[PDB]
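Each chain, letter by letter, is given below.
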Amino acid sequence: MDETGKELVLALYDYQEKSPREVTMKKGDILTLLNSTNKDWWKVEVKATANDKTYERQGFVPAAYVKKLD
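Residues numbered from 1 in each chain as written, not as in the entry; some residues may be left out. Heavy atoms only, no water.

The chain is annotated in the PDB entry as Spectrin alpha chain, brain from Gallus gallus. For this structure, the PDB entry title reads "Solution structure of SHA-D".

Draft legend 1. Fine view of the environment of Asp 70. As for its position among the elements, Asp 70 is in the segment after β5 (66–68). Accessibility expressed as a relative area gives 61% for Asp 70, which makes it exposed. Excluding residues within four positions of it along the chain, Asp 70 makes contact with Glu 7 and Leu 8. Among the polar contacts listed, one links the side chain of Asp 70 to the backbone nitrogen of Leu 8, at a separation of 2.8 Å. (Helix = DSSP H or I, 4+ residues; strand = E, 2+ residues; numbered from the N terminus. Buried < 20%, exposed > 50% of the residue type's maximum accessible area, 1.4 Å probe, protein only. Contact = heavy atoms within 4.5 Å. Polar contact = N/O pair within 3.5 Å; in protein donor to acceptor, adjacent residues only side chain to side chain.)

Draft legend 2. Local environment of the sheet that holds strand β3 (residues 41–47). Within the open sheet, the five strands sit side by side as β4-β3-β2-β1-β5. Their pairing is antiparallel. The sheet terminates laterally at β4 (56–62) and β5, the two strands that pair on one side only. Ignoring strand direction, the axes of neighbouring strands in this sheet form an average angle of 40°. Direction of pairing for β3 relative to β4: antiparallel, over a ladder of seven bridges. By the bridge assignment, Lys 47 is partnered in β4 with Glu 56. (Pairing = 2+ DSSP bridges. Axes fitted to C-alpha atoms, helices over the stretch in contact; angles between N-to-C directions.)

Written out as structure tokens, the structure reads:
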């Protein structure tokens, strides 16, 4: 049971941060669904890398280059 829209989506094709609010995506990379109120573009969350520590960051992406998994 889940009372939230916190799902996971997989990247279909390779994309880049075309906008200052969008992030770079790569085919095969799965991100966390944050905003899905826009069939056009969807807001996903990715992880960073530094000092052997994986951080977290949000970013918008084209819904035309993504596919929900769960």
